[PDB]
**Q** 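Structure incoming, see below.
Every chain is numbered from 1 and lettered A, B, ... according to where its sequence line falls, protein lines coming before strand lines. Start at 1 and go down the list; that is how both ligands and their atoms are numbered.
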Amino acid sequence: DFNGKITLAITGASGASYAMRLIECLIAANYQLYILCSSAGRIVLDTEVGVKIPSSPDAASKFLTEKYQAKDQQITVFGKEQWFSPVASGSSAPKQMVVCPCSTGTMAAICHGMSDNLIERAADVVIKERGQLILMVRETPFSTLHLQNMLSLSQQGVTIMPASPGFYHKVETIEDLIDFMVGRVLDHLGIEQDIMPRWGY
Amino acid sequence: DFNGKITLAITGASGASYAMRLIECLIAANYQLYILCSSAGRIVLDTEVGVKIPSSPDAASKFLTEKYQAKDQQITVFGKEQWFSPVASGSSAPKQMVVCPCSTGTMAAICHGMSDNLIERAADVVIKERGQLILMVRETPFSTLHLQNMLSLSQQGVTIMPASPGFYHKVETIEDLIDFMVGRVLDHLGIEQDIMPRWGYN
Amino acid sequence: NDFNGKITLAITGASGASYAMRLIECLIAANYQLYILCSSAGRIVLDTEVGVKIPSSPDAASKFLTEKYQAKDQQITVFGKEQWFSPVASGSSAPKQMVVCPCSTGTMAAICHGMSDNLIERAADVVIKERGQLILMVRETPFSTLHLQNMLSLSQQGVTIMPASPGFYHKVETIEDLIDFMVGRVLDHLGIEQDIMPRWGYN
Amino acid sequence: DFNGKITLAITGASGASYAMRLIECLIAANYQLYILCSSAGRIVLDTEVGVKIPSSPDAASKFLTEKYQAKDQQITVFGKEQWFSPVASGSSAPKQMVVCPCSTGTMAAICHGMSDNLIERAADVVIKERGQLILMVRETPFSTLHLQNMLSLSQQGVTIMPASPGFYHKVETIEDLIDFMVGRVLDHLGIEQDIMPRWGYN
Amino acid sequence: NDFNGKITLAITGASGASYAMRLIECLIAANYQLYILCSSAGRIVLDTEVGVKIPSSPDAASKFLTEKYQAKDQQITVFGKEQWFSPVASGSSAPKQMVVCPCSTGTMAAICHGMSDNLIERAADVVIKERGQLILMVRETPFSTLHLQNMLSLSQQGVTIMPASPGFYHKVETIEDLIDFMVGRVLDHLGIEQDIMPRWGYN
Amino acid sequence: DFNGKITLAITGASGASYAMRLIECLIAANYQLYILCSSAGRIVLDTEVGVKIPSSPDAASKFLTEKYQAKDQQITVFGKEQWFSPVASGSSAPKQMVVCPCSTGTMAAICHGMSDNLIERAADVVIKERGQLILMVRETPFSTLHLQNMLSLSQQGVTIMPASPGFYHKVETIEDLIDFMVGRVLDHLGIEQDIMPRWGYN
Amino acid sequence: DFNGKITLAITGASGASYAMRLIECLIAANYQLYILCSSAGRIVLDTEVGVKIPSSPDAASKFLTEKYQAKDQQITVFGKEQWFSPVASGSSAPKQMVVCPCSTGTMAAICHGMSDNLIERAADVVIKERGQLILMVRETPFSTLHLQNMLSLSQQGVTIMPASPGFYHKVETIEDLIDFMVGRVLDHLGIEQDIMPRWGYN
Amino acid sequence: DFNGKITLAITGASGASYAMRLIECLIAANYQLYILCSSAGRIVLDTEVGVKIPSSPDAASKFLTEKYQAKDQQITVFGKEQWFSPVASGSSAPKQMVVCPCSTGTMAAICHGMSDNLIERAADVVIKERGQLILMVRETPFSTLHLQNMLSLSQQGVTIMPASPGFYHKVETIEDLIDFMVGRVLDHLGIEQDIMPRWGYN
Ligand SMILES: Cc1cc2nc3c(=O)[nH]c(=O)nc-3n(C[C@H](O)[C@H](O)[C@H](O)COP(=O)(O)O)c2cc1C
Ligand SMILES: Cc1cc2nc3c(=O)[nH]c(=O)nc-3n(C[C@H](O)[C@H](O)[C@H](O)COP(=O)(O)O)c2cc1C
Ligand SMILES: Cc1cc2nc3c(=O)[nH]c(=O)nc-3n(C[C@H](O)[C@H](O)[C@H](O)COP(=O)(O)O)c2cc1C
Ligand SMILES: Cc1cc2nc3c(=O)[nH]c(=O)nc-3n(C[C@H](O)[C@H](O)[C@H](O)COP(=O)(O)O)c2cc1C
Ligand SMILES: Cc1cc2nc3c(=O)[nH]c(=O)nc-3n(C[C@H](O)[C@H](O)[C@H](O)COP(=O)(O)O)c2cc1C
Ligand SMILES: Cc1cc2nc3c(=O)[nH]c(=O)nc-3n(C[C@H](O)[C@H](O)[C@H](O)COP(=O)(O)O)c2cc1C
Ligand SMILES: Cc1cc2nc3c(=O)[nH]c(=O)nc-3n(C[C@H](O)[C@H](O)[C@H](O)COP(=O)(O)O)c2cc1C
Ligand SMILES: Cc1cc2nc3c(=O)[nH]c(=O)nc-3n(C[C@H](O)[C@H](O)[C@H](O)COP(=O)(O)O)c2cc1C
């Protein structure tokens, strides 16, 4: 039925709207989503976009499914230590994962392999199985230690995508900036998108 | 007269509006500016914000002065390879410099000391004189080599400041995101500002 | 405001609680405003080494310390473990000076690697990225290689690693003289006038 | 329509024949090409194989179209700083690029992310977007610094393919050596080829 | 011989002279034989911090310390700055255990880089090459990056870097309790039974 | 009572002229100096400028005091093992130090933390206390090991300022070269100077 | 008598022609050669150029002597583990050695000092005695690990000369490409050559 | 009847009188010079020493020829992309090259192998052919990135010779400082000179 499974982690960086719009576009492209959200991520979603994701995985899954009028099974949320989840094992996990937005703290944890929660274990799995991990980092300025951590991940095939949208297409609202970034994630995932033209400059 | 001199370099990355908004605020704050603009810079300023900066330094100074209604000598623009500029010698150059927006290619030339034009020499000088260089890099995703370049400069005390505006202050307009970044540049320069509040997270 | 400056002070679970308590006292006497963070291992060490039970709840702690030091109104605010709605948590708002004292090798390690897992680690990461001044008063001996790798990294990046190794070359009558050696060094580095450690050097 | 788009950049290293043959094979394989040529590249093409690429991009597109009897829009040449080309942006650029032949100076510029012209930007974009870049470097001997540069690009997923043809197959004429290299580039690009058989050693 | 083992003990010009004096006392009580090296900056610190004037001449120093500690015959021998005809100077002859205490960052640096410019540095270089145990009780704060680079190098190569950062989690009534914390740690690392620092850990 | 205290060490590199003139300017700028001089530096001073610094510290202080017509307490010299000097401890030492001229050997001692004499300890101190250390290194050519040493210091915030005078100003005389280096030192110290003009290139 | 002694090692990389031509030129330049051939080298010589080097060292010396019409003692072949050869000891070995052609596996063994056979020992001896070793490597594309290995040898004064002939001179036949490489090796060895002219680019 | 060929590059660092005195001595020692001058190097010679080198290469050869009363073919100036020059190919280039004065931007370009112009290609070729490159760097203070660039090249056998003259030989005039540096260059190149004597320290 679905076109593929993608793991999506939302962490406590600023940039909630990116994550909300990415999920909208993935659902519309008819992907199945396994969604992980950190406790700080929930705080940011509430403050920035007024979105309150219930803390219980079941209620969260139903909440998101209604928000996006998604199909049966299309969205599943897994809790912070739910090791039964498919994402926890290289024997079962999807091969694509996006962290959006991705805090420098979560980026750091994945860089060093702390694997202390489901989001960090999932990322560690995608890296070991040689899949695709994309981290949409939101911070500025960067410190040298942020850069060392990004460098290490990028050398190992992780895609560091800072939330730094461009303005060279006609930018007429905040949405168009949001769609710049989301369209780049989607191009990287190998998913047809029409939210960001291919005109170039 | 003025609270100080700042060197501003505009290069060909997207995010012209940041640079225009930065000039606007430094003028109102009564700083004197030495502005440098690469060719690709002007092309970006043109297509993104409809601002055709003349490529002659003298006409460029008058245009910007007029555009910002600046005082006499408050803005001086210098040419691609105009070595008499005060920015080209450690004996004379200002100690604060911002490259906004900063292409990955200019970041790279600065990283490695290419010093091939006035912008690159000007940055090399601030670095050797132990001044403050701030580079507003606008590119995504980063490649590994981007990240090696950035890490090398950052270790050497250059502030890598990617154009990654935050959204926690409540954004209703693109101008709030522009002001997010410009306000961070101003904080770093030690310039009082009220375009981005000090509330933090509420 | 109404104060000379703002300082962020984090207490973590290394031995050396008496250095932290003396440092707060001197900073208050100097009329600085303090944002205090304290980890739970931190409170355990305070409790066992100097008998000071800081309430775990941030309002109650602010009051407790305020009364302890007879501090002015809003001079001391404690913030809790994940209280992100705290000015220390954002570069838009935070103090440019922070001291971790005593700093456990675990907190130093989490700062070194950027873990930013609680308010203490985030506040440090912010100070680092904003190019402020972070001082870490590490208390541990011996060092391992990995401790040294972590301290080295931080020191290359402009973080001041100040082990709690007091000197004895001044008048040492009491333990208080050694506490004051280290607190005197922190104050000098913070740019704060102090008379607890004379400037005579070696005689 | 076409089987895919490829970016080709010709630079000022010896080995113009490799490039001309590579174009011939991609045209016959029904690929669409975006061709970039450096000024040194043009001088090399001229002196080595008598091929004079018009200075004008439109004139060059037609000249090559005509030379290879290529279909409509199958060959588009772009100029030195034509930032409006598809190749300059990650939102638009092809995911495969070859630099044939590749001078050590252009390999250097790409290694360090200098991105000063369309070739180096095109490269940097391919690298950041995680596509495939192949560099047919021609120089001998190598210096340590050449090797450092190749090393870092290689670690970053760029294919350093020196123009070092082998002789273990049927070597009669120079064309067999040219075809050795071109066939290796075609195998890497994933394109069906029979100018170099798969017998291996015999 | 007639002793439990041989230990090389070097005193250098860092603050912390009272750690060295207490360490000799415990080693003597434990019936170890000591080869003592003392630098001239070392004697200056001993003199100013604890009032102990070790004669610069090796015979006179051996007698002075022997009497100070009421040591047995040949239990303490001091050796002078370039006294190469000393068993510490050759791998064919030297003790396999050495402590520098207090260890200045200058002596740590000369050992790190292999300078071997006097008997102290040579004796350390020997212990290192013979795969023995070298403990360095560094006293300095803050650390610089270059200090940390030097300590890191040494620690990777199996040298124990033991900063003089005493803990407070045990019963601390006096300064002597903090001196005994560090001396207790040196003894534990040397494999020497000691009761000056209890083994109760944290309560 | 002076504008501040600076530590200045004179070591056995050629360039005694630069040291003598820095001292002149710092005295006229009303700074208090603590001077250290190596026995090799004393030999260089005697042979190059015929200045004979006496060996005893008290006689040294008086000699330099006399020579510069300095005020009371303005110049104090300290001997090579004079650990009572305020420069020996982070609890008491000035936050600015210059080694002029600086031999490759003393730069090496400082690079590696040898801290063998007062000059080396004073530098070690300034570094660990995060002050400002400036090393006017005179040597040519550099070896690789000299460069490794300077790179290590520079990465750690020490200013490696080779005695490499420029000629773009009005160079009528040797003093013009001495003043180029001295002026650059004083700018780094944050001390107003007018011996080297602040227009750059002309 | 002879102008000097050179060690030549042939290994199992493609490019046997380069080696045969190199020998021809050194013989005509009156050098004395100590030749080593690996078993893979022999297989390559056979399949590429029909040259069957006798398995026996004495038979190989005569076979080559005869092939090049060389003088008495001008060519001595030595076997795989003939440690009694001059080439195996630093007390005796020639100070110039070429490995032509050089497989990436023998370049690897030399990079890491494996010294398992006469070729690798000969190499290691040349390197330790600070003579000149040249490695004509033939492989494409390069892997990262190939590049790491070449890098470390290059940093250590070994000449990595890939078999990447250029085409800027008069290219008519394959012999002109062979002569390009051989002439570069002869220039490095310091030996007068006219198979590759010095006109440079025209 | 020239003793040898030297490539001499003049770049945009201060110290033009070094380069002019170096050509004088090399012409008196009967060496043949191939001189390259960048556009920033012209500007420096014009302003510092009042020498205006014509922009076209033939007029510039004639100009310098007359200036030093050089012999027929003793001096040839080559333009910034005159790739037909002997210096641009390893097959033909001189084995000794001096960059004097050397900017930090030209030192960087050579460090990372940019090879963007004839000066940078010439250097890249001297390095790959294992000749001798000497870089007379004039800048102070150095930044960490300057030091990283120098270190890399020195590790690779390039001689980093900063323009840091000594004073231990009795210094009459500025000329004695110029002659200190030029004598060191000449000593490095292996050319007898009597402008800086050999008595060392007295
Ligand atoms: C409103 C808000 C916005 C934040 N924005 C960022 C940010 O943009 N970047 C960042 O690195 N941390 C940010 N933080 C801090 C992280 O939330 C903090 O480091 C937390 O420990 C992250 O936890 P997580 O990585 O488990 O999500 C923010 C916090 C809040 C409350
Ligand atoms: C509309 C437009 C937008 C561009 N945006 C970027 C950008 O966001 N980041 C970047 O690194 N380069 C960007 N480029 C490419 C640079 O302009 C190009 O690499 C050029 O060589 C920069 O030179 P400069 O650094 O001298 O300005 C852009 C070009 C155009 C035409
Ligand atoms: C009484 C006591 C003393 C401690 N002393 C130290 C110490 O001196 N150094 C250290 O690194 N950790 C010490 N610890 C361990 C830390 O408390 C432990 O590593 C903890 O996880 C640190 O957490 P924190 O960094 O969040 O405060 C001590 C613990 C206790 C209970
Ligand atoms: C006829 C000719 C042949 C050349 N061959 C080579 C070569 O094989 N390798 C190389 O690295 N450079 C070679 N060059 C030099 C490059 O052309 C030079 O470094 C130039 O600056 C490269 O510019 P580009 O990288 O923009 O093409 C050659 C030059 C000419 C004129
Ligand atoms: C009273 C006094 C206390 C000192 N304290 C220290 C210290 O605690 N740490 C340090 O590295 N050096 C200290 N020094 C400096 C060393 O004595 C100085 O670096 C000396 O050269 C060390 O020589 P040594 O390593 O040969 O003993 C002190 C000096 C004096 C006079
Ligand atoms: C006349 C003279 C000039 C010297 N010039 C230099 C110099 O320019 N650079 C240098 O590194 N060493 C120079 N030296 C050598 C240093 O003096 C020597 O290495 C000494 O050991 C350094 O001692 P110091 O670092 O304690 O002062 C010179 C020596 C003499 C006698
Ligand atoms: C016909 C033929 C051609 C070969 N060409 C190459 C080559 O060009 N490059 C290479 O690295 N190995 C090549 N090999 C593989 C090497 O022969 C192989 O790695 C062998 O183990 C090398 O042994 P040697 O290094 O002792 O000569 C070739 C093998 C054969 C049979
Ligand atoms: C009068 C004058 C003096 C200069 N001196 C120096 C210098 O001493 N060192 C330096 O690195 N750059 C110096 N520059 C800057 C270089 O000329 C500049 O970075 C230029 O881009 C170098 O280009 P080139 O390397 O192609 O010659 C100077 C410029 C002028 C106008």
**Q** Could you grab the distance from atom CD of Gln82(F) to atom OH of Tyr202(C), nearest 0.5 Å is fine?
**A**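 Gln82(F) atom CD to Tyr202(C) atom OH measures 15.0 Å (nearest 0.5 Å).
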
**Q** When you check the gap from the basic side-chain N to the acidic O, do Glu81(F) and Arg43(E) get nearer than 4.0 Å?
**A**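 Salt bridge: no.
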
**Q** Salt-bridge test for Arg138(D) and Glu48(D): reply yes if a basic N is under 4.0 Å from a carboxylate O, no otherwise.
**A**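 No, this pair does not count.
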
**Q** Could you verify whether a donor N or O on one side chain and an acceptor N or O on the other, from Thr11(A) and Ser38(A), lie under 3.5 Å apart?
**A**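 Per modelled atom types, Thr11(A) and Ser38(A) side chains form no pair under 3.5 Å.
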
**Q** More than 12 heavy atoms of other residues, nucleotides or ligands under 6.0 Å from NZ of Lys81(E): yes or no?
**A**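 Counting neighbours around NZ of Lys81(E), 12 or fewer heavy atoms of other residues, nucleotides or ligands fall under 6.0 Å, so no.
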
**Q** Heavy-atom count around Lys170(B) NZ within 6.0 Å, excluding the residue itself: above 12?
**A**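 For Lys170(B), atom NZ is not crowded (no more than 12 foreign heavy atoms under 6.0 Å).
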
**Q** Please tabulate, one line per pair, the protein nitrogen or oxygen atoms found under 3.5 angstrom from a nitrogen or oxygen of ligand 4, with distances to 0.1 Å, or say none if there are no such pairs.
**A**
{"from": "ligand 4", "atom 1": "5 (N)", "to": "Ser14(D)", "atom 2": "N", "distance (Å)": "3.2"}
{"from": "ligand 4", "atom 1": "8 (O)", "to": "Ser14(D)", "atom 2": "N", "distance (Å)": "3.0"}
{"from": "ligand 4", "atom 1": "8 (O)", "to": "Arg138(D)", "atom 2": "O", "distance (Å)": "3.1"}
{"from": "ligand 4", "atom 1": "8 (O)", "to": "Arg138(D)", "atom 2": "NE", "distance (Å)": "3.1"}
{"from": "ligand 4", "atom 1": "8 (O)", "to": "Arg138(D)", "atom 2": "NH2", "distance (Å)": "2.7"}
{"from": "ligand 4", "atom 1": "9 (N)", "to": "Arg138(D)", "atom 2": "O", "distance (Å)": "2.9"}
{"from": "ligand 4", "atom 1": "9 (N)", "to": "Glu139(D)", "atom 2": "OE1", "distance (Å)": "3.3"}
{"from": "ligand 4", "atom 1": "11 (O)", "to": "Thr104(D)", "atom 2": "N", "distance (Å)": "3.0"}
{"from": "ligand 4", "atom 1": "11 (O)", "to": "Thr104(D)", "atom 2": "OG1", "distance (Å)": "3.2"}
{"from": "ligand 4", "atom 1": "14 (N)", "to": "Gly12(D)", "atom 2": "O", "distance (Å)": "2.8"}
{"from": "ligand 4", "atom 1": "17 (O)", "to": "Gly12(D)", "atom 2": "O", "distance (Å)": "2.6"}
{"from": "ligand 4", "atom 1": "19 (O)", "to": "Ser115(H)", "atom 2": "O", "distance (Å)": "3.3"}
{"from": "ligand 4", "atom 1": "19 (O)", "to": "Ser115(H)", "atom 2": "OG", "distance (Å)": "3.1"}
{"from": "ligand 4", "atom 1": "21 (O)", "to": "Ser115(H)", "atom 2": "O", "distance (Å)": "2.9"}
{"from": "ligand 4", "atom 1": "25 (O)", "to": "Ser103(D)", "atom 2": "OG", "distance (Å)": "2.7"}
{"from": "ligand 4", "atom 1": "25 (O)", "to": "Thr106(D)", "atom 2": "OG1", "distance (Å)": "2.5"}
{"from": "ligand 4", "atom 1": "27 (O)", "to": "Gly12(D)", "atom 2": "N", "distance (Å)": "2.8"}
{"from": "ligand 4", "atom 1": "27 (O)", "to": "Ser38(D)", "atom 2": "OG", "distance (Å)": "2.8"}

